Amino acid sequence: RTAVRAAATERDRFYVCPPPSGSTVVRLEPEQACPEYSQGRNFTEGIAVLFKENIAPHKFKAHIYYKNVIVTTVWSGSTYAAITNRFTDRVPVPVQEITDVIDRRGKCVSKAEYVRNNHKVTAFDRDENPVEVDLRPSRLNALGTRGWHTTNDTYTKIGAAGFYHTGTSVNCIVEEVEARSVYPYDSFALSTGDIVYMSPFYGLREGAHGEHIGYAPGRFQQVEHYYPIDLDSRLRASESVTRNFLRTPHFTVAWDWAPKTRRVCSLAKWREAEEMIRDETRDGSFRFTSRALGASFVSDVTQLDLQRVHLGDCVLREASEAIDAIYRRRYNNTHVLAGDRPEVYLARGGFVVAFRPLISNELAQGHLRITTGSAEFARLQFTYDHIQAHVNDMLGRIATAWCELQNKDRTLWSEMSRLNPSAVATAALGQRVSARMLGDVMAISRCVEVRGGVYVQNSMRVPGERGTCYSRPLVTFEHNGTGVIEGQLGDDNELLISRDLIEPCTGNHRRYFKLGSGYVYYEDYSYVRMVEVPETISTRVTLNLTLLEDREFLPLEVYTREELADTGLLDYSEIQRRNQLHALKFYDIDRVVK
Amino acid sequence: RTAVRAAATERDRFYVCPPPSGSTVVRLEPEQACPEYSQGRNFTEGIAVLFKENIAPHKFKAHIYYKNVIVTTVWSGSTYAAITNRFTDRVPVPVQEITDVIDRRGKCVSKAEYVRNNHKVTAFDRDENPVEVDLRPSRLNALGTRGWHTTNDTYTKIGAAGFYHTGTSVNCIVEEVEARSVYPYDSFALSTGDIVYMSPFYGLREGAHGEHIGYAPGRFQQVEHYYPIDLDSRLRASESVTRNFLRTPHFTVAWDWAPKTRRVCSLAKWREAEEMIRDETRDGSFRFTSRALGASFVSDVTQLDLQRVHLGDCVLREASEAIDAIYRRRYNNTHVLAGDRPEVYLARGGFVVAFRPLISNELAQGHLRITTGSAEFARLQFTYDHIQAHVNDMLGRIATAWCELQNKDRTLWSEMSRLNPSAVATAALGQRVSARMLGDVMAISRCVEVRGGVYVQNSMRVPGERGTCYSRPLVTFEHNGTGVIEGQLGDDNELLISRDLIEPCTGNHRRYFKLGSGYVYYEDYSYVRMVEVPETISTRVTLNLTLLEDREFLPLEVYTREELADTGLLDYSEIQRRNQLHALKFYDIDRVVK
Amino acid sequence: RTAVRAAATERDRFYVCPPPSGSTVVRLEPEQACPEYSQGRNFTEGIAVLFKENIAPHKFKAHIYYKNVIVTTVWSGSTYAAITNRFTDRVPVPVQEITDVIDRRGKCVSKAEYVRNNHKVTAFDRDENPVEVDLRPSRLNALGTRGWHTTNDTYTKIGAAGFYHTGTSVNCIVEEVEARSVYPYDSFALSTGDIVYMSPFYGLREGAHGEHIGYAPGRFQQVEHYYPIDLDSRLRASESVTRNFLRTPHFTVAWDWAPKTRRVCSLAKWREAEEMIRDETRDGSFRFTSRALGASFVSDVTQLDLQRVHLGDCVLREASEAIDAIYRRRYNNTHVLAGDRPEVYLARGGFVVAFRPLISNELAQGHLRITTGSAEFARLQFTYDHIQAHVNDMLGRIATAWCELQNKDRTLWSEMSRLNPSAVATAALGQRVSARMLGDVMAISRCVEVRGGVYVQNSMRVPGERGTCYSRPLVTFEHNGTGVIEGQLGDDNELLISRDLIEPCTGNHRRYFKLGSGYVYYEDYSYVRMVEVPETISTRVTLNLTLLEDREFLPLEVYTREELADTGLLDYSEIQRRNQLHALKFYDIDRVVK
Ligand SMILES: *[C@@H]1O[C@H](CO)[C@@H](O)[C@H](O)[C@H]1NC(C)=O
Ligand SMILES: *[C@@H]1O[C@H](CO)[C@@H](O)[C@H](O)[C@H]1NC(C)=O
Ligand SMILES: *[C@@H]1O[C@H](CO)[C@@H](O)[C@H](O)[C@H]1NC(C)=O
């Protein structure tokens, strides 16, 4: 009939629970309203053709006609000859001579009649009389680089010693040439290095005449219904052309006249987006997403008027073509196109989007200069948006289910609140409380810590009654004023003010009761030992979520600025640097003879 | 009083539950410690100005002064004239003549006095006496490309037949020219194609004299307090300059002298980051994140000393300007700048970050050559980090709530463990067990499978007692040694060793008892049929999480390397290729006359 | 003994629950099968070397040998001299003279003997007799740009007035030159601006002879066992070479012959991936992921045969080198390489991947033209894949735990279904139902709304019995036909058909009963007031998931197309534009003398 002193730790403290009066009354919180997230997105399927700023020059075929005049002064000596001069000059071939000699016969006159220093001057091949010479192809002739000439020889004079002799070579040259024009196209340059200070689209028939010409009107001429001739097979072409001719002091250049608007565009077809999705979730903007491309393009809801664009005719033409070609190939039997024409938008970063919506059979029943850079932002827009939408959708789904689960699981908590309102209110409040059901509502009283040392009684027998025992052990403790309380060991370290927990005594009685950090072992209503229960059972579900690791994105380049500038056979600046030093490098230019 | 043989499937097996002794005792696992993830990040708001490596040349205005000497040899014939020679040469205009004739009067002398082949030589326009000729503007004169000349004519000699005549043209030319200097700036080049082998910042006053000059000291001269004159309105400028003059063998070039450090910088302003956030979560590094830019820049915690940078003066100057301008515009009333100066860092990929922290009013109370490439890594750093931080934060939040929920829900499991310790321990252990509460701890015994065929008894009446019935059906089975057991059908296919489940008989008795894969139907304490219960009730919450789909990022380029190299009017290498073939193409250079 | 009219709102409606017959019987839905997501990925560790398309020209050292012939015509006057002509021409130095005079003595003959206009011509320095002159270095000589010449003077004739005098300068020049060849390498260009129309790898020994030569066979020559000499220290090199010589009309160029396959490759080493992971999860493809690089490269499972590549010899050579070097440095003691050679693949976007798997010590016991652009797609592939895999893994983990948790928590629901089948079935069905356990299955009946006004009875005393009271209040209501029902207030607004809920009366009786939107207060079995219970207790766990915000990725470029084209000292096209205007700008070319 002795006593064992109980031991309490912080976490495993003893508690007294004063009876709850109706002073504080609580209800179990009703089911919450669940978060409803964006279920369904607003969009349009279609076909798109993306256009970029045209950066390429206007390229066209042309012919250069000139006579290569070389004048050589030789000083004939005793046992040698020395070139004292070799003066070279390209001279134009008149239009008359092109059409009437060169096209007509494939011959060229052995003389030149041109203006130099404002004086009318002449040059005769071999210092001889004019003869129409045949134009023979060069040995080096190749596709797009054919040339014809009249001589393989450069005339030089063979004379008497102690004299200066002058010979004159005249080689008539016709060359297939490639021309290039860079915006605004007020000039062009030929494969020969010659720049023509005139518009390639300059003509005399209306529209064309309001194009630049840096040359006097007499230097230019057009020849309508001109049927070109091959200077090898001397055959004419089946279709005629308006042939432009410009006579400069060093050559005559010819090219086929064509109207600017047909030949040139300020924009260029970049890519086709066969499965283009136009998103309409964000307001006042469209977002053109392409799975194929891995790119999103943001534009306004309002269309681009292509009349604002200088030379934007190619857009609608090339866009309708590819869209119509795609439709035929991919949607002909499943869908129908919308609105008898494609829609055109100005997307972020200088991209022009020509989009045409796809309608399923079932649902059918101020001047602008567009500058384009990279499409790097658009792929990033794509990547980000694809992930953001997914994780947003999925967390939405978790949030709702978390709410829904807790709402359902309230049935379990209400049911427990009828039976054990205290353990429910302790879980809810997160602090040790005593509770009583006052019908359909709980009365709450807080539980207070027992600081004065607690002692367990060795026997569990009712003193004065055989056959009746106490179900849980007896304790002695200090709470409030009364220094000693004849109490009982309740549940989860609650000490009971009274001793009313009873049971008829049973044979082979084994009990483990929680007492502080551990357990007290009782055998046949008598204290035995202070045991430990190290074995546990868990109804928990493991959720191991690991973190998304740090990643370092270091600068990465396939080719550098240096590598990209070093691809050429020659570098103008590098050559000039070295070349312009030649006089200072191999001569004393600073010395002066007295 | 017959029997029906029960049918067990794998999943719906019969079990016998031996009584649990205190041999194995368990506790319900206490509430766990919950994961606490990084709640709050360390950062600094501010304003930044990003600087990139200067790739642009130093551009400045200049003037070229030369006399264009053309000497023509004409051979007058019977009925013609032929140019046998036309020798062209640019000659310098002496400084004396620039200041005393050209600036003073707007005139130029009709002769040239220069050195060629180390000999002092002269050239007279029209082979006549020296006259100061007025400089008239060219017809083609435009903004930044003005030129003045003295003649429109090229003098040629008109003489007697059978003779060689020589005429001399001298055109004095002054041209507005644009100059460019590329690092290290020891030379410059003019719009005319001429390279000047000297520093644009070379002077004679201290500092400037230790700059390259590839020319003899006599060829150079500075003119202090020089007031320039317009050669059209012959008005002088209000402010004077130090005027540099360099006389080369072919021209005199003049330019305004300026000190290198003022005019040139090795870095260039790239972008302003108005809302720059400097992250301080990772140690030994700063991360400059810009929402505006969509870029993160990683640098050291230690500042960049701009004294390590060759020509880094522009940085602090231009950074303070833009930061101060931004502050005035965006933060003037809400915040205050910090530390009387902006901080400077060397970020990853060659970016210089000039950052100045923003302090809210409430909180206020070895030589370096910087190489820059792309900012592609920085946008990727940004994207990745923005997503990683969000998903890490959100999963952290799920992890904690999962722990917290299970911790709360332990109140429900403990409560059940008092009432039904077996069903709790079976859920926990994940295997069929029998359990008994030994006070505050459970005794566990495992349940064993009944392999010997089971039979249900047709009646549920107590033999020998009217008015008392068995609550659940009677069974017969084989377990351990004893071949026949007079048992009862327990819960969820548990077969009971005994027959102690009793109830006073009731009128209109209908029962469905689980027996193997299905149910046994009993009516008024008598077997009827083997029914199926196909209807279910579920308290589950659906969570449909779908996977983030695979995405293919295919190579994408707006303009190729080819497209970017093809934008020019001429290509030096292409022209040279064709041009240097001309002799081989239109002549036989290999033939020799015997 | 009066009555108070109850008030019902939508959400807090009154219900009558008809008794359930076995008409509808339900079971609680058994535990579900849980989703099992991809646990474990298939991959190979190794080392990789990435190769890109070679964009760089073939660069090699060379020497240019020529004699700079200048012929000057001076007209001596009264008090002056005028240059009437200055004709410049570069002439070749014969191979004989290079080896026998220039290499042998470091001297060059003061005359030139060359062919011009098909005529054999001579040039004498100072119009004097041939002398072997020493080659002296230029003042400007620098590393890689050395030059040697024979004179600093340009010979001019000083004569009698009224006469034309002609002088001849011959300067023999040898220059260290840099050569460049661009694919297909059928020509090369020198630092001087000269293009050599021949292959740098053309030779006469087998293999080399099937390479382009645009020159007659006599113009070329190889010199085997040639030991070069420094023209400063007149020392010979220790190792000999096969020396190529090509005599063009303007110079002799020499270079060391080397075989094409050794000197040139169509691919170039880009980066080393020390920790390259080759993923094998997607079928019919490999994915080469590099943490270091932040890039993923997609290729076929089938290797690249490098015999399909024109000049692909560098790949295997350079790949084995770096891989073997890396292994030695990082894996020598932990792993072993696999398969006696590296594997080679053709990745997406023109990248060649040379991968060699790493085997841990423990586990050991048609013609192709490759075009490369950017690696932008590969970093995006990397970023996306890294995130996708993580979030997919983590949601998988949530999905399984959600299933597992609900499966466990079924133990709680079954247990409640025995005690309160109605509250379980109401939670499950999401509608108010009455339920009865018919053994191991529930009988369900739906609950109907009470529309006819309800009234609570002021007393809770059993009329006719003292000491016995009703536990819950009495009500009067209208349901079905019977206009008045002597009922009782049940749980959660259920009205009971009968009045069988009883309790022995207790002293100090306080009760709150739910009645519609609120509560009814009862004191000592008598009505008092209609109270409100505003205080709640919650067992809910907060889960605050916020959305991933929209981000705008705006176009961002470090340097523009314009900025990148403006880095050069000169621009060929810009210079030519201005230069070719000179005649039109400073002269009247259109005027003609009559
Ligand atoms: C040049 O010479 C070749 C023969 O070597 C000949 O075929 C060709 O027709 C000649 N061309 C001219 C224009 O004389
Ligand atoms: C050139 O001629 C035009 C008239 O055609 C005239 O206006 C201009 O002043 C002249 N220039 C010179 C330098 O003679
Ligand atoms: C050129 O002159 C310098 C002296 O000014 C001298 O050192 C050099 O050797 C000379 N070169 C030749 C080739 O005469």
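Thresholds applied
Residues numbered from 1 in each chain as written, not as in the entry; some residues may be left out. Chains lettered and ligands numbered in written order. Heavy atoms only, no water. Near = heavy atom within 4 Å. Polar contact = N/O pair within 3.5 Å; in protein donor to acceptor, adjacent residues only side chain to side chain. Nonpolar A, V, L, I, M, F, W, Y, C, P; charged D, E, K, R; others polar. Contact = heavy atoms within 4.5 Å. Buried area = accessible area lost by both parts, 1.4 Å probe. Salt bridge = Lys/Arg side-chain N within 4 Å of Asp/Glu carboxyl O. Helix = DSSP H or I, 4+ residues; strand = E, 2+ residues; numbered from the N terminus. Buried < 20%, exposed > 50% of the residue type's maximum accessible area, 1.4 Å probe, protein only. Disulfide = S-S within 2.5 Å.

In terms of determination method and resolution, the entry is listed under X-ray crystallography at 2.70 Å.

Quick notes on the site of ligand 2
Residues and elements named next belong to chain B. In the neighbourhood of ligand 2, the contacting residues comprise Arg 136, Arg 139, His 149, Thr 150, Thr 151 and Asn 152. Here an oxygen atom of ligand 2 and a side-chain polar atom of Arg 139 are 2.8 Å apart. Here an oxygen atom of ligand 2 sits 2.3 Å away from a polar atom, N or O, in the side chain of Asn 152. Of the residues contributing to the shell around ligand 2, the split by class is no nonpolar, four polar and two charged.

Examining the interface of chain B and chain A
At the interface, 128 residues of chain B touch 137 residues of chain A. By the criterion of area lost to chain A, the three top residues of chain B are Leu 556, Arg 578 and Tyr 587 of chain B, representing 6% of everything that side buries. There are 15 salt bridges connecting chain B and chain A. Between the two partners, chain B and chain A, sit 62 residue pairs in polar contact.

Quick look at the pattern of salt bridges
Under the criterion given, the structure shown has 147 salt bridges over all chains. Of the charged contacts, one joins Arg 180 of chain A and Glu 574 of chain B as a salt bridge, the two residues approaching to 3.5 Å between their closest N and O atoms. Separated into two different chains, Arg 180 of chain A in strand β13 (residues 163–181) and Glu 574 of chain B in helix α9 (residues 572–579) make up a pair that spans both. On the accessibility criterion, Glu 574 of chain B (48% relative accessible area) is partly exposed. Across the salt bridge formed by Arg 136 of chain B and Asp 134 of chain B, the nearest N and O atoms sit 3.9 Å from each other. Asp 134 of chain B gets classed as partly exposed once you look at its relative accessible area, which sits at 34%. Each of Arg 41, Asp 279 and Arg 282 of chain A together with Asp 550 of chain C takes part in salt bridges that share partners, so that together they form one network.

A closer look at the state of the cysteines
Residue and element names in this part refer to chain A. In total, this model carries 15 disulfides over all chains according to the counting rule given. Here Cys 265 engages in a disulfide with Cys 314; their sulfurs sit 2.1 Å apart. Between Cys 265 and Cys 314, the S-S torsion sits near -70°, and that sign places the bridge as left-handed. Here the residue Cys 265 occupies a position in the loop between α2 (260–263) and β19 (267–273), and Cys 314 occupies one in helix α3 (residues 313–330), the gap between them amounting to 49 residues. Each member of the pair, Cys 265 as well as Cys 314, is classed as buried. The connectivity of the disulfide-linked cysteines in chain A, indexed sequentially, is 1-8, 2-7, 3-4, 5-6, 9-10.

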